[PDB]
Amino acid sequence: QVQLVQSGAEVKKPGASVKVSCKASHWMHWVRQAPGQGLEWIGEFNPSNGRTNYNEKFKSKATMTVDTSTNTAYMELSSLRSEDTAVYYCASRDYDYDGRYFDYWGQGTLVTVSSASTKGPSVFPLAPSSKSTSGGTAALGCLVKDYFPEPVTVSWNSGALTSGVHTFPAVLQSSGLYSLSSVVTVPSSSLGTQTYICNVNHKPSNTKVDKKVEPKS
Amino acid sequence: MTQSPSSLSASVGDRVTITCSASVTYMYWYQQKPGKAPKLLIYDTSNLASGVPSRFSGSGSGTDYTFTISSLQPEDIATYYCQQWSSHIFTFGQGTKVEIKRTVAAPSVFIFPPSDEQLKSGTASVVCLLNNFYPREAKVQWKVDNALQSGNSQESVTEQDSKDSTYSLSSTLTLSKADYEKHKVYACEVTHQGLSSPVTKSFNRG
């Protein structure tokens with residue numbers, strides 16, 4: 001039961017530095033998934049002693065460090081540019097009881113490189129009505145608007161309501177702020193009794209919004 | 001390096017094959033389901049990772065490598081990546097999106113009026129939702145007092161859901177309060193293969 005946990009989303013100015021951490025709750029890897037570029041290998045490190053081997057592209061700008069006594073790995077990227085906007089992952093491999101290899105990855109950290117200002121989300125209810133019912137099932141949700149940067153993460157109620165939830169890919173508004181929607185489909189009869197709340201977490205602005213979604217006629 | 005195809009559609013139970021061309025020592029294959037982190041399925045070319053079903057396989061030599069799913073299941077909906085290794089040196093393919101082919105399913109079309117809270121803040125968003133359709137292709141048109149709109153509108157679609165092999169789509173139309181109040185009828189009109197005619201979902205007021 002090994003699990004990798006990463007620090008939160010960051011926005012930095014071009015030419016600035018960012019540090020992503022990776023805690024463990026075989027050599028380990030830093031990988032990124034960037035706009036256009038796809039998956040990109042950054043480098044590897046020995047978790048036991050901190051020896052490093054970088055991808056050439058990254059040797060100048062990236063530095064990988066390990067704190068073996070906390071089991072925390074770090075990756076710092078300097079001289080940030082727009083191409084560095086990406087989800088950064090730490091990952092490792094091991095083998096199971098009978099010798100099969102497997103891997104495990106952190107949840108990823110989105111780093112946005114931008115000079116634009118940070119904007120916390122506007123959260124509005126998509127109210128369930130006769131116009132959002134399809135028989136037996138009603139749809140409801142929340143519209144998240146006017147935020148920057150990504151990501152906003154949406155969970156419902158206590159955060160253990162996940163079945164029937166669709167959280168749509170982020171879009172660009174006319175203003176170039178970001179918008180998304182999360183929509184949950186529920187048994188019609190439950191609207192009576194259950195209270196539905198969208199929890200919208202925007203780590204870049206240190207903002208969470210809890211919005212109740214009431215039915216409308 | 002190139003990975004092909006870049007997208008493929010197949011029925012449940014179909015055998016499915018992805019290739020990844022070219023001085024490589026080993027090929028690795030990763031699965032990335034919607035939105036999770038990638039997951040290693042095949043390593044050193046041909047070896048299944050811990051807990052990977054027997055329906056997955058990998059093979060290759062020199063420059064040409066293959067990844068096979070011998071009986072495609074809905075849980076296999078994902079983007080798959082090859083990754084070559086030499087030389088202290090790791091590079092990834094471009095990705096192959098894998099979709100299930102199913103029967104045509106018409107969208108349920110829903111509409112959401114602007115919230116009171118938004119209206120009080122000087123803006124008005126209408127949301128149109130198309131739920132659980134296949135295939136992905138649809139036409140969505142916004143109409144205000146019968147006038148086709150462009151662009152105060154956005155749209156996005158889920159990746160294919162593994163539980164019924166369908167997509168969903170959300171579309172937002174956004175006006176000022178002032179503009180919203182000057183007009184009466186708000187409608188999204190939807191065309192899709194599984195619909196018998198265009199469905200208009202609408203509401204009045206403002």
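The chains referred to below are lettered A, B, ... by the order of the sequence lines, with proteins before strands, and numbering in each begins at 1.
Proximity to chain B (any heavy atom under 4.5 Å) is restricted, for A:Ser181, to the side chain, taken from C-beta onward. B:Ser202 touches chain A through its backbone: at least one of N, CA, C or O sits under 4.5 Å from a heavy atom, while the side chain does not. There is no contact between A:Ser163 and chain B, counting heavy-atom distances below 4.5 Å. Neither the backbone nor the side chain of B:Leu41 comes within contact range of chain A; no heavy atom of the residue lies under 4.5 Å from a heavy atom of that chain. At a 4.5 Å heavy-atom cutoff, B:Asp44 makes no contact with chain A through either its backbone or its side chain.
A:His29 and B:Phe90 have perpendicular rings, their planes meeting at more than 60° on a 0 to 90° scale where under 30° would count as parallel.
Annotation: side chain of A:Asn199 is in contact with side chain of A:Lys208 (closest heavy-atom distance under 4.5 Å).
For the pairing with A:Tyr147, the side-chain contact (heavy atoms from CB on, under 4.5 Å) check across A:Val209, A:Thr118, A:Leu180, A:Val200 returns one residue only, A:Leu180.
When A:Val31, A:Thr133, A:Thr137, A:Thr167 are compared by the number of non-hydrogen pairs under 4.5 Å with chain B, A:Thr133 comes out ahead. Per-residue counts of heavy-atom pairs under 4.5 Å with chain B were compared for A:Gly108, A:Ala170, A:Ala91, A:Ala139; the largest is that of A:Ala139. Among the candidates B:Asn131, B:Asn152, B:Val127, the residue making the largest number of heavy-atom pairs closer than 4.5 Å to chain A is B:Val127. When each of B:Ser156, B:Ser168, B:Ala49 is scored by its heavy-atom pairs under 4.5 Å with chain A, the top score falls to B:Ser156.
Under the 3.5 Å distance criterion, with hydrogens and angles disregarded, a donor-acceptor pair is assigned to the side chains of B:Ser125 and B:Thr174.
Not counting sequence neighbours, A:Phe168 has no partner by the ring pair (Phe, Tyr, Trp, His ring centres under 6.0 Å) test.
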May I have the step-by-step check of side-chain contact (heavy atoms from CB on, under 4.5 Å) for B:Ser165 and B:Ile77, ending in yes or no? CA-CA 8 Å; B:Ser165 303; B:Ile77 290 167; 4.1 Å; yes
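We find that B:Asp76 and B:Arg55 are joined by a salt bridge, their nearest charged nitrogen and carboxylate oxygen being less than 4.0 Å apart.
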